[PDB]
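Engineer: Partial complex follows, first chain(s) only, in situ:
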Amino acid sequence: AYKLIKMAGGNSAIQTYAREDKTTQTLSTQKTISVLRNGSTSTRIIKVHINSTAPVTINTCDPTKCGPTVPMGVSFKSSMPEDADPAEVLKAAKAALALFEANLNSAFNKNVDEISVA
Amino acid sequence: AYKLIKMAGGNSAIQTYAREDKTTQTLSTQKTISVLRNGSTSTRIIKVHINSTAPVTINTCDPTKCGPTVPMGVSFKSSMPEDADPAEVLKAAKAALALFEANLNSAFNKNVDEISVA
Amino acid sequence: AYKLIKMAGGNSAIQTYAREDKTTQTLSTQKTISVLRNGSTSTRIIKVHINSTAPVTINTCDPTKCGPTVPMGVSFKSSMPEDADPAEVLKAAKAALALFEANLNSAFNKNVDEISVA
Amino acid sequence: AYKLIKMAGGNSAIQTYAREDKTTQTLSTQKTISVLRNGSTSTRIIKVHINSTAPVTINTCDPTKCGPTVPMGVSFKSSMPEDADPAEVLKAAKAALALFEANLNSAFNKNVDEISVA
């Protein structure tokens, strides 16, 4: 139960947030608009990028003597024509993620031959 | 209410599925392992990549839904050293996605100053 | 009966908005400052530029409204040295626009010999 | 409460007017027709240009000893396919202008994140 407050940042397109408790855990959201034209017609391509990271100490069996840290991260990206419906690709993506997020650190990729979407 | 069946493709430690009824909607899951060495210590880095896309007919002039197709896609990526705990990173990422999910196609950026979690 | 929301673009001291319901209709406002030096004296010149455009499907043969799109646009520009009074210039410009507004798309020029103001 | 009478001018496409009281304040309206053809089809592009200017003396704090003058100007331009409807781009442009015309000389561009159109 915490909240991520917006950080001072240089870019206007990117919003950066840090966790109130641990200002080492951060999150970043960015939106990009692109233009793709066929002949005379032109359509907008909206791209979203959300990145949540925190540092994690490399050495589990060490005495935690400020061992060099590696970023641990979870990222989300979205690219779609304006006013398209991501509802179904999101449902599918979330269903797939549910199979992995238990084993997101365990180097074990189960052979799944079909994924059921709710 | 549907299932993504593994497509008749060569498994490359990358598993690609297509939706049973709409085979235009696809989804791919891969896990890879890297080795990060800092001095004497070496640690394994688990990297998951899930992608869920469908083609979208460009909003066009015709009453019939006919036009060039642009891919729309939602992508989730995850990189962390082995046996780390991404629980809080995932929680924050999911809260942010909950905020931006309706606006994934909006072309307007909502300026929020804090993101409440858990 | 609608509002122009500022689009998710990088502010360049130029503000670009799109219409909320019809995001094809856009509008841009910029203000710039110049310095005009005549001999010893230097004065600041304020320059405003407002642009309001929408795409227009070319009048075509099909019953469906499908054809190449040409931009239609109305643009207002204003340049004056700082603290000047453009009240009367604006008044005359507005009277002229009132005369020509119905004929902005006419391909016929109305020959008027005087323009009444205020 | 004045009127702009037509001036003697050389061009037939451009109508030039001067204010009766001050023949130093002037106004000019021009209409141009262009042709844009796709394949066999061809369409007219009607362009209107209205320019209202007056000279203004540079030096505010001077004794008004015929200081060199700079033109202060307000301009309007219109470009659209024949028989298109500028009604909405005009409404938007006028709404935007209303925010600037108070501060048309004051070098201050307020950050506006949305413009409401009547």
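Structural biologist: Yes, it's here. Residues are numbered from 1 along each chain as shown, chains lettered A, B, ... in the order given.
Engineer: Name the residues that touch the helix or strand encompassing residue A:92?
Structural biologist: Per DSSP states H and E, residue A:92 falls inside helix A:87-100. Contact partners of helix A:87-100, identified using C-beta atoms under 8 Å, 6 or more residues apart in numbering or on different chains, comprise A:110, A:112, A:115-118, B:4, B:19, B:25, B:27, B:29, B:31, B:48, B:50-54, B:72-76, B:78, B:101, B:104. All C-beta spots, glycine's among them, are computed from the backbone N, C-alpha and C.
Engineer: what distance separates that helix from the middle of the whole chain?
Structural biologist: Between the centre of helix A:87-100 and the centre of its chain there are 14 Å (C-alpha atoms, centre = their mean, to the nearest Å).
Engineer: same deal with stretch A:5-21?
Structural biologist: Centroid separation for stretch A:5-21 versus its chain: 15 Å, with C-alpha atoms, centre = their mean.
Engineer: Please state the backbone phi and psi of the residue nearest the centre of chain A?
Structural biologist: The residue lying closest to the centre of chain A (C-alpha atoms, centre = their mean) is residue A:75, at 2.0 Å. With angles defined as degrees, to the nearest 10, residue A:75 sits at phi -130, psi 150.
Engineer: any idea what sits nearest whichever residue of chain A sits closest to chain C, other than its immediate chain neighbours?
Structural biologist: For chain A and chain C, the shortest gap (C-beta to the nearest C-beta) falls at residue A:40, measuring 3.8 Å. Ranked by C-beta to C-beta, 6 or more residues apart in numbering or on different chains and with sequence neighbours excluded, the top spatial neighbour of residue A:40 is residue C:68, at 3.8 Å.
Engineer: Return the residues in contact with the one you found.
Structural biologist: A:39-40, C:57-58, D:38.
Engineer: Let's have those residues in a markdown table, adding secondary structure.
Structural biologist: A markdown table is the format used below for the contacts of residue C:68 (DSSP: H, G, I helix; E, B strand; the rest coil):
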| residue | secondary structure |
| --- | --- |
| A:39 | coil |
| A:40 | coil |
| C:57 | strand |
| C:58 | coil |
| D:38 | strand |
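Engineer: now for chain E:
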Amino acid sequence: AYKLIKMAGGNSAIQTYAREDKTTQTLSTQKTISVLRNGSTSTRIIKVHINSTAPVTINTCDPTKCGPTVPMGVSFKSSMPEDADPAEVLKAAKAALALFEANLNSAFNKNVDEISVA
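Structural biologist: Below is chain E, added to the chains above:
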């Protein structure tokens, strides 16, 4: 009593404001973050910069009564590592400012053997 309205700036790191009555009187706020890497531990260093200026005109007698304009400004700067306590340096700075504030425009300075802090 007045309000500092936010001006439209291209840079998102700096927020600029102008007084509603006098748009010549302005104020800028900027926060920036620096990383100080000591060994394998990086610490965050927060710098704040507030500036409040307005143009003052130096009247000099002249056949043509226009004199130059030079800004008068009050600036505040701050720099400290994250989660440090500025309470006491603020109190001391404010007491010194209290001594000098009356005489900011006066070119007088007297030896002060001690400054009493609240």
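Engineer: thinking again about what came up before, tell me how far the residue nearest to the centre of chain A lies from residue D:63.
Structural biologist: Computed as C-beta to C-beta, to the nearest Å, the residue A:75 to residue D:63 distance reads 68 Å.
Engineer: Provide a list of residues in contact with the residue nearest to the centre of chain A.
Structural biologist: A:49-52, B:76-78, B:93.
Engineer: change it to 6 Å
Structural biologist: Contacts for residue A:75 (C-beta atoms under 6 Å, 6 or more residues apart in numbering or on different chains) come out as A:51, B:77.
Engineer: Ok, residue A:17 next?
Structural biologist: A:4, A:6, A:27, B:115.
Engineer: and chain A, which of its residues are near chain C?
Structural biologist: A:12, A:31, A:33, A:40 (C-beta under 6 Å from any C-beta of the partner chain).
Engineer: Send over stretch A:9-19 as CSV, restricted to the C-alpha atoms.
Structural biologist: The C-alpha trace of stretch A:9-19 is given here as CSV (Å, rounded to 0.1, in the frame of the first residue of the first chain):
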residue,chain,number,x,y,z
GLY,A,9,12.2,15.1,-15.2
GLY,A,10,13.6,16.8,-18.2
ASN,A,11,11.4,15.4,-21.0
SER,A,12,7.8,16.6,-21.5
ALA,A,13,6.6,13.4,-23.3
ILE,A,14,7.9,11.1,-20.5
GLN,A,15,6.4,11.2,-17.0
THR,A,16,8.7,9.7,-14.4
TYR,A,17,7.5,8.6,-10.9
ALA,A,18,9.3,7.3,-7.8
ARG,A,19,7.8,5.3,-5.0
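Engineer: distance between stretch A:5-24 and the chain's centre?
Structural biologist: That offset, for stretch A:5-24, works out to 15 Å (C-alpha atoms, centre = their mean).
Engineer: which secondary structure element contains residue A:17?
Structural biologist: strand A:14-19.
Engineer: Pull the contacting residues for residue A:5.
Structural biologist: A:20, B:114.
Engineer: Drop chain F onto that structure:
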Amino acid sequence: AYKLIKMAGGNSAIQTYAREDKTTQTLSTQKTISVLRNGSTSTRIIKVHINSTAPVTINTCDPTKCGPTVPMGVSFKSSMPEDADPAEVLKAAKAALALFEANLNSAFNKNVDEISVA
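Structural biologist: Putting chain F onto the chains we already have gives this:
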């Protein structure tokens, strides 16, 4: 409550003080005068600089528990022509400082659309 005792400085333009309790916490006051020659009239420009710092130690875990020391500081600067009125730029700067003061050590910043001045 404490007293800033005057330290013994070689330069007479700058007066330096140290807190009686902590001689590590210091404060400097300096006033300087500049001449701005416009034609045959020279005008006096008063600049004030107050600085209040103290050393803060960044604790980093290490086999040998000694971390580096970096200063935390609050700075005030002022510059204006003689006999000008800073009252309003001071009020505005103080209101902005009032907003940012709590968050001087926090690395958080939220968009503020206006600052209300007393």
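Engineer: let's see the contacts of residue C:68 again after adding chain F.
Structural biologist: Shown in contact with residue C:68 (C-beta under 6 Å, 6+ apart): A:40, C:58, D:38.
Engineer: Please report the separation between the first and final residues of stretch A:100-107.
Structural biologist: 10 Å (C-alpha to C-alpha, to the nearest Å).
Engineer: Kindly report the same for stretch A:18-28.
Structural biologist: By C-alpha to C-alpha, one end of stretch A:18-28 lies 9 Å from the other end.
Engineer: give me the number of residues near the closest residue to chain D within chain A?
Structural biologist: As assessed by C-beta to the nearest C-beta, chain D sits closest to residue A:40 within chain A, at 8.3 Å. Counted by other C-beta atoms under 10 Å in any protein chain shown, the residues lying close to residue A:40 total 13.
Engineer: distance of it from residue C:57?
Structural biologist: Taken as C-beta to C-beta, the span from residue A:40 to residue C:57 is 9 Å.
Engineer: same thing with residue A:94?
Structural biologist: Applying C-beta to C-beta to residue A:94 and residue C:57 gives a distance of 39 Å.
Engineer: so how far is chain B from residue A:85?
Structural biologist: Distance from residue A:85 to chain B, counting by C-beta to the nearest C-beta, to the nearest Å: 8 Å.
Engineer: Helix, strand, or coil at that residue?
Structural biologist: Residue A:85 - assigned by three-state DSSP - is coil.
Engineer: Give me the neighbour count for the residue lying closest to it once chain neighbours are set aside.
Structural biologist: Nearest residue to residue A:85, sequence neighbours excluded (C-beta to C-beta, 6+ apart): residue B:105, at 7.6 Å. When neighbours are counted by other C-beta under 10 Å, residue B:105 registers 19.
Engineer: now residue B:105, what's its secondary structure?
Structural biologist: Assignment for residue B:105 (three-state DSSP): coil.
Engineer: quick one, what contacts it?
Structural biologist: A:46, A:80, A:83-84.
Engineer: and stretch A:49-63, is it in reach of chain B?
Structural biologist: Yes: under the criterion of C-beta under 6 Å from any C-beta, chain B is reached by stretch A:49-63 at A:50, A:52, A:54, A:56, A:58.
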